[PDB]
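The data below hold one chain only, encoded as structure tokens and taken in the form deposited without the RNA.
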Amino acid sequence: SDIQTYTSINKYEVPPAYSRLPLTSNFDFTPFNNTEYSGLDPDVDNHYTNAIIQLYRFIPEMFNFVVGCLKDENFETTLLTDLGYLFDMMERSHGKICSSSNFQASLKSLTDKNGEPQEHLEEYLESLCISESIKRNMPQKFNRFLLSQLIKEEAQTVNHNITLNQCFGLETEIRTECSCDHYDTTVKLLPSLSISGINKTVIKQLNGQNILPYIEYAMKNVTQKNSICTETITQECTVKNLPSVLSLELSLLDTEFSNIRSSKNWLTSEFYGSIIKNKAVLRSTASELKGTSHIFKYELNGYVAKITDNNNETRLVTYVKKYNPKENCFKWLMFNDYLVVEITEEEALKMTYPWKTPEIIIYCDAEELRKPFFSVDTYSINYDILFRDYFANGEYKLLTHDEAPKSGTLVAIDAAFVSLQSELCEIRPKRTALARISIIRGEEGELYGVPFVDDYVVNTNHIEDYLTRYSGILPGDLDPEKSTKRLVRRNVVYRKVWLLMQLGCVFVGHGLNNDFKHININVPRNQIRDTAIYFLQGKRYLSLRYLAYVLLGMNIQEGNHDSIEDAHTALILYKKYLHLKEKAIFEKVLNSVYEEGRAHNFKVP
């Protein structure tokens, strides 16, 4: 049938839900997602991060934490709070399309950077310019990188937490035996387990057989291949921990990958396990244990599979288990970039298909998966940033405590942008960065129409054009080379908009739906008052400089578009439209501009 079918009769034909989906480059997403859980825009420089972000949104322990860090202002930790801004955005849209553009810009900016795993970061700066879709072991490499970087940034949060280490941390002993009766070991906390090098699979005879032997080997193994100065060291790795969440990375040979596809029920639904020997022993039933210890039960949370096409293209998809608490139930979800379909367990766990390869598996503690997902609004969020002045360099009044916005407060917003990279298609148009935004006090009172933020956002990447005939962004957007502008990072100015959307305030402006897509934030419809939808006659949207001239008596004098002037005129236009609707004169004057503007060509100076 149509694209949301996730099973075809032949084991060889790839279903439509797993195929290549049309480029989105206003696109309509309603035939691609029926459920209340969002998908992600595929216009991204990473062919693979979208599948991983979805896998992590649905671990209650990690979702609740990184969303949790959105209480306090964590500006220095970009990747962790941008993941939080994304996670919170995905949760509240409840199905609407989401874009990871903000997060993806943090990842590229941080990747641009004595230390041994600096080759970790070179791998992505290498892979953010693309020629195939995804190469070998690259999903697994990001899984470890992202977890590592989050843990590193998690240490530098407010009220520094170790929470991500408690769930992911694997205490790994590396005993390296040089000579007889003499060995040296190191111990490091590793966020994920890597099933990388396998010599002979005695793990398929009677222990084919399921995944648990493979997990056990990577948990304690000895191998005798190295070099020193012509030594060929024998190394012994062993984990002495069974943490709350278990991040697996699978990279075997294609011969080991086609033999694995016939041992049915290989990828195991649930298993218990503990540490009795100095090795970890995990079995299927709990009575297959000798006791010996505290018993840990693990259920599968989700995993990231690699799809290889009938046209020999590749992409990543995400399987996810979500627990609804009203019923003792599990909703199995499959995620293709913006394709989200609810599947059942027998199809989610199956790997009989040759076009399917597991690459990242996640196991969660059974008691911890049924923990509910908590929005950031269950906490008390720090709103200081709307009242404080915070600039990063050398016309508007900031707000009071009596000006504390509530659910329904009127504010006017306008945003200006510059272009980093143009279309570059064979690919799709990718880059355009935020330059300046302004908010306006929209509530009727003594301070009405007066702005309270005017923030030019710093950006170091080379921009292709300033668009100043449309944006008015004088080339003083450099960090120390402010023309006279008051500059702020992107994470702080996003926090200002996010807090306004957090309280439930109401935004007025022209083309707000567009600006919010480039702010990378999703406002609900009740909180938008777009003059675009009000003063519209089918197609051919009217110029705001025109509406300022024909709906009231202002000559906008359109030189370089002033963000704050635009935000101000849009505010009083929404009030003029409101007055024209207070009595029945709305649709009448709606056509006064339609018929008498054609003789004026919709432009008069």
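One rule holds for the numbers: they count along the sequence shown, beginning at 1.
How many missing residues of the deposited sequence lie between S25 and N26 in the entry, grouped as none, 1 to 3, 4 to 9, or 10 or more? Gap between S25 and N26: 4 to 9 unmodelled residues.
Does the entry skip any residues of the deposited sequence between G394 and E395, and if so, is it 1 to 3, 4 to 9, or 10 or more, or none at all? 4 to 9 residues lack coordinates between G394 and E395.
Which has the higher mean CA temperature factor in the PDB entry, 51 to 59 or 533 to 541? Averaged over C-alpha atoms, the B-factors run higher in 533 to 541.
Comparing 104 to 112 with 118 to 126, which has the greater mean CA B-factor as deposited? It is 118 to 126 that shows the higher mean C-alpha B-factor.
Would you mind checking which of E153, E403, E91, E73 has the top Cα temperature factor in the PDB entry? Across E153, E403, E91, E73, the entry lists the biggest C-alpha B-factor for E403.
From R175, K356, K482, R436, residue of greatest CA B-factor: Max CA B-factor in the entry, restricted to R175, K356, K482, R436: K482.
By the recorded C-alpha temperature factor, relative to the other modelled residues in its chain, which third is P16 in? Middle third by C-alpha B-factor.
Is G511 in the lowest, middle or highest third of its chain when residues are ranked by C-alpha B-factor? Its C-alpha B-factor belongs to the middle third of this chain's values.
Comparing against every modelled residue in the chain, figure out the third that the C-alpha B-factor of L289 lands in (lowest, middle or highest). Top third by C-alpha B-factor.
Using the B-factors in the PDB entry, rank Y448's C-alpha atom against the chain and give the third, lowest, middle or highest. Top third by C-alpha B-factor.
Within-chain third of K141 by Cα B-factor, per the entry: Ranked within chain, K141 CA B lands in the lowest tercile.
One more form of this protein exists, namely the form solved in complex with the RNA; it is left out here, but the text below deals with it.
Picking from 54 to 62, 573 to 581, 536 to 544, 39 to 47, which part of the chain touches the RNA in the deposited complex when contact means heavy atoms within 4.5 Å? Of the stretches listed, the one contacting the partner is 536 to 544.
Can all three of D455, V497 and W498 be found with a heavy atom no more than 4.5 Å from the RNA in the deposited complex? Not a single listed residue reaches the RNA in the deposited complex, so no.
Can you tell me whether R315 touches the RNA? I mean in the deposited complex, with a 4.5 angstroms heavy atom cut-off. Result no; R315 lies far from the RNA in the deposited complex.
Spell out, yes or no, whether the shortest heavy atom distance between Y470 and the RNA in the deposited complex is within 4.5 Å. Contact check for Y470: yes, within 4.5 Å of the RNA in the deposited complex.
Even though the partner isn't displayed, in the deposited complex is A415 close enough to the RNA, meaning a heavy atom within 4.5 Å? Contact check for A415: yes, within 4.5 Å of the RNA in the deposited complex.
Does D515 make contact with the RNA in the deposited complex, using a 4.5 Å heavy atom cut-off? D515 belongs to the contact set for the RNA.
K321, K141, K485, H510 - the one with a heavy atom within 4.5 Å of the RNA in the deposited complex: Exactly one residue meets the criterion: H510.
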